[PDB]
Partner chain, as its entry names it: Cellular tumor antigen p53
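For reference, the chain that follows is the form solved without its partner chain, supplied as structure tokens.
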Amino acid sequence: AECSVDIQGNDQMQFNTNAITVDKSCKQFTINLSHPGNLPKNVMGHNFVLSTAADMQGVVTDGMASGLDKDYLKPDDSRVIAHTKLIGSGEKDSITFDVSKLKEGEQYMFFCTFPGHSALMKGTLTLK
């Protein structure tokens, strides 16, 4: 099965998917994030951040509080399973994480932690 997904974040605070399934036969899983919009990171930064559904709002809230200098994630946040950099117009960043960090049954969310983006920029991820 495939163990990679391409995802874009744009100038209208939208991700171009809101559902990812990770095949259980994948040992690693890669996210390729890009930003085909015009706006820079300090205005319309997007990251791909992954947590349990339960942990999402805390990571977002503490992330807002951490500020731009920290890519809007709180330092040493163990709730974050994986994440990309926060990127701006025309940038790219990819990450690969260990699929064994995930667990069958559990619900995961991906989302952007730039202030106010997570209402519109979020989706589910599920080991299947």
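Positions refer to the first chain, counted from 1.
Taking only CA atoms, the mean B-factor in the PDB entry is higher for 97-105 than for the other of 97-105 and 52-60.
Just going by the entry, 108-116 versus 10-18 on mean CA temperature factor gives the higher value to 10-18.
Of the residues listed, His83, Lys27, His46, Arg79, the entry assigns the biggest Cα temperature factor to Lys27. Split the chain's modelled residues into thirds by C-alpha temperature factor. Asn42 is in the highest one. In the PDB entry, a CA B factor belonging to the middle third of its chain's modelled residues is recorded for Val5. Among the modelled residues of its chain, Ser89 has a C-alpha B-factor that falls in the middle third, as given in the PDB entry.
Sort the chain's modelled residues by C-alpha temperature factor and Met121 lands in the lowest third, per the entry.
Although not depicted, the form deposited with its partner chain bound is the subject of the following passage.
When its partner chain is considered in the entry with it bound, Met64 lines it closely, a heavy atom lying within 4.5 Å. Taking the partner from the other structure, its partner chain in the entry with it bound has no heavy atom within 4.5 Å of any heavy atom of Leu50. In the entry with it bound, at least one heavy atom of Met44 sits within 4.5 Å of its partner chain.
Its partner chain is not shown here, and in the entry with it bound it never comes within 4.5 Å of any heavy atom of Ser100. Although its partner chain is not shown here, in the entry with it bound the stretch 75-91 places heavy atoms of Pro75, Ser78 within 4.5 Å of it, in sequence order.
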